[PDB]
Structures are given as structure tokens and as C-alpha cells.
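coords18.tsv (TSV, C-alpha atoms) appears below.
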chain	number	residue	atom	x	y	z
A	1	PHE	CA	-23.79	9.93	-26.87
A	2	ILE	CA	-24.64	9.76	-30.57
A	3	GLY	CA	-28.44	9.50	-30.78
A	4	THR	CA	-29.83	13.00	-31.20
A	5	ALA	CA	-33.14	12.01	-32.79
A	6	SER	CA	-33.98	9.22	-30.34
A	7	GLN	CA	-37.30	9.60	-28.53
A	8	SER	CA	-36.76	7.34	-25.49
A	9	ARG	CA	-33.23	7.52	-24.12
A	10	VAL	CA	-31.25	7.88	-20.88
A	11	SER	CA	-27.78	9.45	-20.76
A	12	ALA	CA	-25.50	9.86	-17.76
A	13	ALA	CA	-21.86	10.62	-16.95
A	14	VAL	CA	-19.69	10.72	-13.82
A	15	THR	CA	-16.30	12.47	-13.81
A	16	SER	CA	-13.68	13.14	-11.14
A	17	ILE	CA	-10.21	14.66	-10.74
A	18	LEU	CA	-8.40	13.81	-7.48
A	19	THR	CA	-4.98	15.11	-6.47
A	20	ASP	CA	-2.82	15.53	-3.37
A	21	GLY	CA	-0.14	17.69	-5.01
A	22	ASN	CA	2.24	14.87	-5.90
A	23	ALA	CA	-0.10	12.35	-7.56
A	24	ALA	CA	-3.30	12.73	-9.56
A	25	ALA	CA	-6.08	10.55	-10.96
A	26	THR	CA	-8.75	11.35	-13.56
A	27	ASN	CA	-11.72	9.01	-14.03
A	28	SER	CA	-14.88	9.06	-16.12
A	29	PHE	CA	-17.83	6.79	-16.90
A	30	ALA	CA	-20.34	7.44	-19.68
A	31	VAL	CA	-23.33	5.27	-20.59
A	32	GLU	CA	-26.41	5.39	-22.81
A	33	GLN	CA	-29.52	3.26	-23.33
A	34	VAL	CA	-32.10	3.51	-26.12
A	35	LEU	CA	-35.53	1.89	-26.53
A	36	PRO	CA	-38.08	1.56	-29.37
A	37	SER	CA	-40.23	4.47	-28.26
A	38	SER	CA	-43.58	3.22	-29.63
A	39	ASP	CA	-43.29	0.15	-27.39
A	40	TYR	CA	-41.47	1.15	-24.18
A	41	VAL	CA	-40.55	4.25	-22.17
A	42	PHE	CA	-38.34	5.19	-19.22
A	43	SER	CA	-40.28	5.83	-16.01
A	44	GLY	CA	-38.80	5.57	-12.53
A	45	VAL	CA	-35.57	6.32	-10.71
A	46	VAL	CA	-32.41	6.61	-12.80
A	47	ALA	CA	-29.44	5.48	-10.73
A	48	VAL	CA	-25.67	5.26	-11.24
A	49	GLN	CA	-23.02	3.72	-8.98
A	50	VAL	CA	-19.26	3.37	-9.49
A	51	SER	CA	-16.59	1.40	-7.65
A	52	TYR	CA	-13.09	2.78	-7.00
A	53	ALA	CA	-10.15	0.46	-6.31
A	54	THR	CA	-7.31	1.29	-3.92
A	55	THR	CA	-5.06	-1.54	-5.18
A	56	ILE	CA	-3.37	0.18	-8.15
A	57	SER	CA	-0.09	2.10	-7.94
A	58	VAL	CA	2.08	4.12	-10.31
A	59	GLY	CA	5.77	4.03	-9.50
A	60	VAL	CA	8.09	1.50	-7.89
A	61	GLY	CA	6.21	-1.67	-6.98
A	62	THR	CA	4.27	-1.59	-3.74
A	63	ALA	CA	6.09	1.67	-2.93
A	64	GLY	CA	4.36	3.62	-5.70
A	65	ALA	CA	1.76	6.32	-5.23
A	66	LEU	CA	-1.85	5.23	-4.76
A	67	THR	CA	-4.06	6.28	-7.70
A	68	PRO	CA	-7.72	5.22	-7.44
A	69	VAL	CA	-9.43	3.93	-10.58
A	70	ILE	CA	-12.93	2.86	-11.58
A	71	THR	CA	-13.19	-0.91	-12.03
A	72	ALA	CA	-17.00	-1.37	-11.93
A	73	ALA	CA	-19.92	0.82	-12.99
A	74	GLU	CA	-23.67	0.22	-13.25
A	75	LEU	CA	-26.94	1.86	-14.31
A	76	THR	CA	-30.62	1.53	-13.47
A	77	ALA	CA	-33.08	2.69	-16.14
A	78	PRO	CA	-36.63	1.46	-15.53
A	79	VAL	CA	-38.49	0.23	-18.60
A	80	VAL	CA	-42.29	0.45	-18.83
A	81	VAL	CA	-44.81	-0.38	-21.57
A	82	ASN	CA	-46.02	2.64	-23.54
A	83	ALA	CA	-49.66	3.40	-22.68
A	84	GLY	CA	-50.44	6.80	-24.20
A	85	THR	CA	-53.81	7.32	-25.85
A	86	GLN	CA	-53.19	10.27	-28.19
A	87	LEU	CA	-54.44	9.33	-31.63
A	88	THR	CA	-52.43	8.74	-34.79
A	89	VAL	CA	-53.88	7.80	-38.17
A	90	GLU	CA	-51.79	4.61	-38.23
A	91	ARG	CA	-52.97	3.49	-34.78
A	92	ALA	CA	-56.64	4.07	-35.62
A	93	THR	CA	-56.27	2.28	-38.96
A	94	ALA	CA	-54.68	-0.71	-37.23
A	95	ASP	CA	-57.48	-0.69	-34.66
A	96	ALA	CA	-60.10	-0.73	-37.42
A	97	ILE	CA	-58.29	-3.65	-39.08
A	98	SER	CA	-58.32	-5.52	-35.76
A	99	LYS	CA	-62.04	-4.84	-35.26
A	100	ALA	CA	-62.85	-6.15	-38.74
A	101	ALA	CA	-60.66	-9.22	-38.21
A	102	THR	CA	-62.36	-10.10	-34.91
A	103	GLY	CA	-65.66	-10.55	-36.79
A	104	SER	CA	-64.10	-12.60	-39.66
A	105	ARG	CA	-64.85	-9.75	-42.10
A	106	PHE	CA	-61.64	-10.27	-44.03
A	107	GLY	CA	-63.06	-8.46	-47.05
A	108	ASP	CA	-63.10	-5.27	-44.99
A	109	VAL	CA	-59.56	-5.98	-43.81
A	110	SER	CA	-58.53	-6.39	-47.44
A	111	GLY	CA	-60.34	-3.18	-48.39
A	112	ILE	CA	-58.61	-1.15	-45.70
A	113	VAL	CA	-55.22	-2.65	-46.58
A	114	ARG	CA	-55.82	-1.85	-50.26
A	115	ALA	CA	-56.67	1.76	-49.41
A	116	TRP	CA	-53.62	2.09	-47.15
A	117	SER	CA	-50.98	0.51	-49.39
A	118	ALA	CA	-51.97	1.92	-52.79
A	119	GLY	CA	-55.05	4.10	-52.25
A	120	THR	CA	-57.30	1.92	-54.42
A	121	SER	CA	-60.76	0.36	-54.09
A	122	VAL	CA	-62.56	-2.84	-55.04
A	123	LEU	CA	-63.85	-1.65	-58.43
A	124	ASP	CA	-60.71	0.29	-59.38
B	1	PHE	CA	40.95	40.70	9.51
B	2	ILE	CA	38.45	41.32	6.72
B	3	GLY	CA	35.55	38.93	7.33
B	4	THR	CA	32.91	40.77	9.33
B	5	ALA	CA	29.94	38.61	8.32
B	6	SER	CA	31.66	35.25	8.85
B	7	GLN	CA	29.92	32.92	11.30
B	8	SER	CA	32.77	30.58	12.27
B	9	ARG	CA	36.11	32.36	12.60
B	10	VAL	CA	39.16	32.70	14.86
B	11	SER	CA	41.25	35.88	15.01
B	12	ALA	CA	44.39	36.53	17.04
B	13	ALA	CA	47.28	38.99	17.23
B	14	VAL	CA	50.52	39.30	19.21
B	15	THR	CA	52.43	42.59	19.40
B	16	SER	CA	55.55	43.75	21.24
B	17	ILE	CA	57.81	46.79	21.58
B	18	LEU	CA	61.20	46.15	23.22
B	19	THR	CA	63.83	48.81	23.92
B	20	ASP	CA	66.92	49.35	26.07
B	21	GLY	CA	67.27	53.08	25.37
B	22	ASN	CA	69.72	52.77	22.48
B	23	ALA	CA	68.06	50.10	20.30
B	24	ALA	CA	64.43	49.14	19.73
B	25	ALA	CA	62.44	46.37	18.06
B	26	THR	CA	58.74	46.23	17.13
B	27	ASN	CA	57.15	42.92	16.15
B	28	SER	CA	53.64	41.76	15.30
B	29	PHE	CA	51.87	38.62	14.11
B	30	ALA	CA	48.26	38.52	12.90
B	31	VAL	CA	46.36	35.47	11.68
B	32	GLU	CA	42.82	34.46	10.75
B	33	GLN	CA	41.01	31.23	9.88
B	34	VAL	CA	37.50	30.82	8.46
B	35	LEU	CA	35.29	27.72	8.05
B	36	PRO	CA	32.01	26.92	6.25
B	37	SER	CA	29.82	27.35	9.31
B	38	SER	CA	27.04	24.91	8.33
B	39	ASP	CA	29.62	22.09	8.27
B	40	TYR	CA	32.28	22.82	10.92
B	41	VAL	CA	32.81	24.93	14.04
B	42	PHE	CA	35.66	25.94	16.35
B	43	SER	CA	35.60	24.15	19.71
B	44	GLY	CA	38.62	23.67	21.93
B	45	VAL	CA	41.73	25.52	23.01
B	46	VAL	CA	42.95	28.34	20.76
B	47	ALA	CA	46.73	28.60	21.02
B	48	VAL	CA	49.42	30.88	19.58
B	49	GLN	CA	53.21	30.59	19.84
B	50	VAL	CA	55.94	32.76	18.33
B	51	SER	CA	59.70	32.31	18.00
B	52	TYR	CA	62.17	35.19	18.45
B	53	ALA	CA	65.67	35.04	16.96
B	54	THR	CA	68.75	36.53	18.62
B	55	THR	CA	70.91	36.26	15.47
B	56	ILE	CA	69.99	39.53	13.70
B	57	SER	CA	71.86	42.81	14.16
B	58	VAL	CA	71.50	46.38	12.93
B	59	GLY	CA	74.76	48.26	12.62
B	60	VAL	CA	78.35	47.28	11.88
B	61	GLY	CA	78.62	43.55	11.24
B	62	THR	CA	78.78	41.33	14.30
B	63	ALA	CA	79.32	44.51	16.36
B	64	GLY	CA	75.81	45.83	15.71
B	65	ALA	CA	73.03	46.06	18.25
B	66	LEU	CA	70.94	42.95	18.87
B	67	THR	CA	67.33	43.38	17.70
B	68	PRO	CA	65.09	40.33	18.19
B	69	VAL	CA	62.65	39.43	15.40
B	70	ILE	CA	59.89	36.90	14.85
B	71	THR	CA	60.92	34.17	12.42
B	72	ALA	CA	58.25	31.51	13.16
B	73	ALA	CA	54.62	31.71	14.29
B	74	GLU	CA	51.86	29.12	14.65
B	75	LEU	CA	48.19	28.70	15.54
B	76	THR	CA	45.94	25.97	16.91
B	77	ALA	CA	42.23	26.24	16.07
B	78	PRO	CA	40.33	23.01	16.71
B	79	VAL	CA	37.79	22.05	14.05
B	80	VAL	CA	34.69	20.01	14.91
B	81	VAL	CA	31.68	18.82	12.90
B	82	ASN	CA	28.56	20.95	13.37
B	83	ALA	CA	25.93	19.03	15.37
B	84	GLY	CA	23.23	21.53	16.29
B	85	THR	CA	19.61	20.45	16.11
B	86	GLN	CA	17.72	23.75	15.81
B	87	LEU	CA	15.35	23.49	12.88
B	88	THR	CA	15.48	25.35	9.57
B	89	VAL	CA	12.99	24.94	6.73
B	90	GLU	CA	15.79	23.91	4.36
B	91	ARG	CA	17.11	21.22	6.72
B	92	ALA	CA	13.66	19.72	7.28
B	93	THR	CA	12.90	19.78	3.55
B	94	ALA	CA	16.18	17.98	2.81
B	95	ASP	CA	15.36	15.44	5.52
B	96	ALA	CA	11.95	14.78	3.97
B	97	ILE	CA	13.60	14.32	0.56
B	98	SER	CA	16.03	11.82	2.11
B	99	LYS	CA	13.19	9.91	3.79
B	100	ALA	CA	11.28	9.66	0.51
B	101	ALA	CA	14.42	8.57	-1.35
B	102	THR	CA	15.17	5.79	1.15
B	103	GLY	CA	11.86	4.12	0.21
B	104	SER	CA	12.35	4.55	-3.58
B	105	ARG	CA	9.41	6.99	-3.69
B	106	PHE	CA	11.07	9.19	-6.28
B	107	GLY	CA	7.71	10.68	-7.28
B	108	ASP	CA	7.51	12.27	-3.83
B	109	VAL	CA	11.10	13.48	-4.17
B	110	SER	CA	10.16	15.03	-7.50
B	111	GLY	CA	7.04	16.59	-5.98
B	112	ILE	CA	8.97	18.19	-3.13
B	113	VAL	CA	11.68	19.43	-5.50
B	114	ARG	CA	9.00	20.91	-7.79
B	115	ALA	CA	7.39	22.73	-4.86
B	116	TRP	CA	10.76	24.02	-3.63
B	117	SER	CA	12.23	25.22	-6.93
B	118	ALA	CA	9.16	26.80	-8.57
B	119	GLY	CA	6.25	26.35	-6.15
B	120	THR	CA	4.25	24.16	-8.55
B	121	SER	CA	2.39	20.84	-8.34
B	122	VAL	CA	1.78	17.77	-10.47
B	123	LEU	CA	-1.42	19.01	-12.14
B	124	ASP	CA	-0.27	22.62	-12.54

Would you mind giving the structure from this file in C-alpha cells?
Amino acid sequence: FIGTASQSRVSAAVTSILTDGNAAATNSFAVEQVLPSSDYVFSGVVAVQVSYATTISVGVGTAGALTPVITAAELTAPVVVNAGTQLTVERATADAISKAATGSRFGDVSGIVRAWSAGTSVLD
Amino acid sequence: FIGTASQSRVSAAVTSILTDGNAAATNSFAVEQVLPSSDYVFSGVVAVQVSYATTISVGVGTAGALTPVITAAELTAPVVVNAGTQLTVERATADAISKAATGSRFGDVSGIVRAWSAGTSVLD
């Protein structure tokens, strides 16, 4: 759980404390997934499952107390292509470059790239 | 005869007053036995015997009056191991501790001892 500025992220945690008076067991599972937010997003059901074993003892051999532990954990986090249409200057500029390049007007592509990278023009 | 609150105890006494008009003799024997009542009890025949001597005189030498006295006394009080099965909380708790200790589950012994001595638990 370190990414505070991340834009597309799932975080989950499962914790437990089980006791019968004589024995106790504390278990936790934490997980985190992060995506490049301009390309993919999380959309769907987020799901966690854990698996507790009853084959671990603390004490004297097979006569020890039974203390359940987590030995397997899993996560679902559905990943979907980003499809938002709110406009940024960069996205519109890239779209204009693509439109110029589809017509083989590479001089216009060069002009736009010149204006973007250094703010110049053809006669400058 | 001082133990009023004792639970396993035998008390006995033999007294006599003998006279022929000119001489008299008073004799007594008192005895008491006390056991730890959780371990042993009295069960059987309680028996007392005393021994009177005819070799003691009061007066002028061998010409004195004959006054019998007690010079030996004895008691039987049969002692038997306590074998009652009425339940106390302490006896059942000790039995549970013994059962846990026979299986080398010393964590359970420790848990029961913790609950008995201070009323605590493992996570407290």
C-alpha cells in the first residue's frame, strides 16, 4: 500500500484473530495492483478468497494445539480498455497528427511536431 | 479436646471413682486423634483399654491403703484412604489437568492453570 498518487488501483486486506482461550492465531493478507491509467481501468467485480489449513500445530508433535494459517490467497481485478472521451490537448494534437498522416501530408505532421516540441514554425 | 472444626477425628474418655469408705481413687484418661480429612478417614472399630496397678499405696509404707491408678492406656483408631466420589470444582479441575498432562498437552495445562490462578487467557 504505497501508491498514493496512482489513478487506477485496487487495494484489499483480510484480517482475523481466532482464539479458544488456550490457543490463538492471527492471520492477514494484503494485496495491491496498479495499471497505466491512460490505457486500462478496473471495472467489474473485485473478489478475494483465502485458504486456511488445519494441518499445522504448535506444541508437542501431533499432540500440539491446532492453529489455522493462510496458505493460499487470490484476487480478481477485472481489467478493461480505457474508453473515455473527455478532451485533452495532447489527445487532440495526436489525433490531428494521425489525420495528417493518413493523407500522406507529412509536412503538416512535421509542422505540428515542430510547434509541439519547441514552439517554432517553418520560417522561424 | 480442642478441635471443633476438624472433619476426621476420634475422641474418647474413661473415668472412674472407686471408694470403700476409708480410701478413694479417681482416675481419668482422655485422648484425641486427627487426620487430614481429604486424604484419610476413620472406619472400623474404635477401642480403648486401660491398665490399673495394685502396687501403689498412700499412708505408712507397705501398711498404707491400696489406691489403684492407671499406668498404661491405649487406643485403636483405624485409618483408611478416602474414596468418596462426590464432585468438587477443585477435584474436577485437577483431573482435567492430569488428563491434559497425560497426553503431553502442556499448553492446555498452562491454560487451565492460568484460568485458575488469575482468571486470564492466552490473548489477555

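Counting all atoms listed in the file, every residue of chain A that comes within 9 Å of chain B is listed here: residues 19, 20, 21, 22, 23, 24, 59, 60, 63, 64 and 65 of chain A.
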
Inset, instruction - Mind checking which residues fall within 9 Å of residue 75 of chain A, counting all atoms listed in the file, ignoring those fewer than 5 positions away in the same chain, and posting them as a ChimeraX atom specification? - result: /A:12,31,46-49

Inset, instruction - Select, counting all atoms listed in the file, all protein, DNA and RNA residues no farther than 10 Å from (55.6, 41.4, 10.2) in file coordinates, and express the selection as a list in words. - result: residues 15, 26, 27, 28, 29, 30, 69, 70 and 71 of chain B

Go ahead and save the picked residues with C-alpha atoms, as an mmCIF file, in the frame of the given file.
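Dumped to part39.cif:
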data_model
loop_
_atom_site.group_PDB
_atom_site.id
_atom_site.type_symbol
_atom_site.label_atom_id
_atom_site.label_comp_id
_atom_site.auth_asym_id
_atom_site.auth_seq_id
_atom_site.Cartn_x
_atom_site.Cartn_y
_atom_site.Cartn_z
ATOM 1 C CA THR B 15 52.430 42.590 19.400
ATOM 2 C CA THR B 26 58.740 46.230 17.130
ATOM 3 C CA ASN B 27 57.150 42.920 16.150
ATOM 4 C CA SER B 28 53.640 41.760 15.300
ATOM 5 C CA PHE B 29 51.870 38.620 14.110
ATOM 6 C CA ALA B 30 48.260 38.520 12.900
ATOM 7 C CA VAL B 69 62.650 39.430 15.400
ATOM 8 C CA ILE B 70 59.890 36.900 14.850
ATOM 9 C CA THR B 71 60.920 34.170 12.420
#

Legend entry - Protein, DNA and RNA residues within 8 Å of (63.3, 40.8, 22.9), only C-alpha atoms, as a PyMOL selection string: chain B and resi 18+25+52+67-69

Inset, instruction - Rank nothing, just name the residue among A:5, A:53, A:94, A:81 nearest to residue 34 of chain A, using only C-alpha atoms. - result: A:5

Mind filling out segment 35-55 of chain A with N, CA and C atoms and sending it as an mmCIF file, in the coordinates of the input?
data_model
loop_
_atom_site.group_PDB
_atom_site.id
_atom_site.type_symbol
_atom_site.label_atom_id
_atom_site.label_comp_id
_atom_site.auth_asym_id
_atom_site.auth_seq_id
_atom_site.Cartn_x
_atom_site.Cartn_y
_atom_site.Cartn_z
ATOM 1 N N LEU A 35 -34.403 2.797 -26.387
ATOM 2 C CA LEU A 35 -35.530 1.890 -26.530
ATOM 3 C C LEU A 35 -36.342 2.222 -27.780
ATOM 4 N N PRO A 36 -37.080 1.241 -28.334
ATOM 5 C CA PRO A 36 -38.080 1.560 -29.370
ATOM 6 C C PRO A 36 -39.277 2.287 -28.774
ATOM 7 N N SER A 37 -39.400 3.585 -29.063
ATOM 8 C CA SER A 37 -40.230 4.470 -28.260
ATOM 9 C C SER A 37 -41.732 4.216 -28.407
ATOM 10 N N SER A 38 -42.171 3.582 -29.489
ATOM 11 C CA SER A 38 -43.580 3.220 -29.630
ATOM 12 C C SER A 38 -43.977 2.047 -28.753
ATOM 13 N N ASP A 39 -43.017 1.341 -28.171
ATOM 14 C CA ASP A 39 -43.290 0.150 -27.390
ATOM 15 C C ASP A 39 -42.966 0.305 -25.908
ATOM 16 N N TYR A 40 -41.896 1.020 -25.561
ATOM 17 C CA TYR A 40 -41.470 1.150 -24.180
ATOM 18 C C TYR A 40 -40.983 2.565 -23.905
ATOM 19 N N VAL A 41 -41.019 2.949 -22.627
ATOM 20 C CA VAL A 41 -40.550 4.250 -22.170
ATOM 21 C C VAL A 41 -39.759 4.076 -20.877
ATOM 22 N N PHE A 42 -39.077 5.145 -20.478
ATOM 23 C CA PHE A 42 -38.340 5.190 -19.220
ATOM 24 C C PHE A 42 -39.182 5.922 -18.185
ATOM 25 N N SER A 43 -39.449 5.257 -17.065
ATOM 26 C CA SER A 43 -40.280 5.830 -16.010
ATOM 27 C C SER A 43 -39.833 5.217 -14.687
ATOM 28 N N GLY A 44 -39.266 6.030 -13.817
ATOM 29 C CA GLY A 44 -38.800 5.570 -12.530
ATOM 30 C C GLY A 44 -37.524 6.293 -12.160
ATOM 31 N N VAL A 45 -36.789 5.713 -11.226
ATOM 32 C CA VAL A 45 -35.570 6.320 -10.710
ATOM 33 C C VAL A 45 -34.392 5.890 -11.575
ATOM 34 N N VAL A 46 -33.653 6.863 -12.085
ATOM 35 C CA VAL A 46 -32.410 6.610 -12.800
ATOM 36 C C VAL A 46 -31.270 6.679 -11.794
ATOM 37 N N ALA A 47 -30.445 5.638 -11.761
ATOM 38 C CA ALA A 47 -29.440 5.480 -10.730
ATOM 39 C C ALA A 47 -28.115 5.024 -11.333
ATOM 40 N N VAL A 48 -27.028 5.609 -10.840
ATOM 41 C CA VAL A 48 -25.670 5.260 -11.240
ATOM 42 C C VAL A 48 -24.847 5.021 -9.983
ATOM 43 N N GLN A 49 -23.993 4.000 -10.025
ATOM 44 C CA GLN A 49 -23.020 3.720 -8.980
ATOM 45 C C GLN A 49 -21.705 3.321 -9.640
ATOM 46 N N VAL A 50 -20.594 3.745 -9.035
ATOM 47 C CA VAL A 50 -19.260 3.370 -9.490
ATOM 48 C C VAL A 50 -18.470 2.829 -8.308
ATOM 49 N N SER A 51 -17.427 2.075 -8.631
ATOM 50 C CA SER A 51 -16.590 1.400 -7.650
ATOM 51 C C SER A 51 -15.134 1.768 -7.900
ATOM 52 N N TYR A 52 -14.477 2.340 -6.894
ATOM 53 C CA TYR A 52 -13.090 2.780 -7.000
ATOM 54 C C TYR A 52 -12.179 1.822 -6.243
ATOM 55 N N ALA A 53 -11.107 1.385 -6.894
ATOM 56 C CA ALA A 53 -10.150 0.460 -6.310
ATOM 57 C C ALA A 53 -8.988 1.225 -5.686
ATOM 58 N N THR A 54 -8.485 0.719 -4.563
ATOM 59 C CA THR A 54 -7.310 1.290 -3.920
ATOM 60 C C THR A 54 -6.099 0.368 -4.029
ATOM 61 N N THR A 55 -6.084 -0.517 -5.028
ATOM 62 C CA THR A 55 -5.060 -1.540 -5.180
ATOM 63 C C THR A 55 -4.186 -1.335 -6.412
#
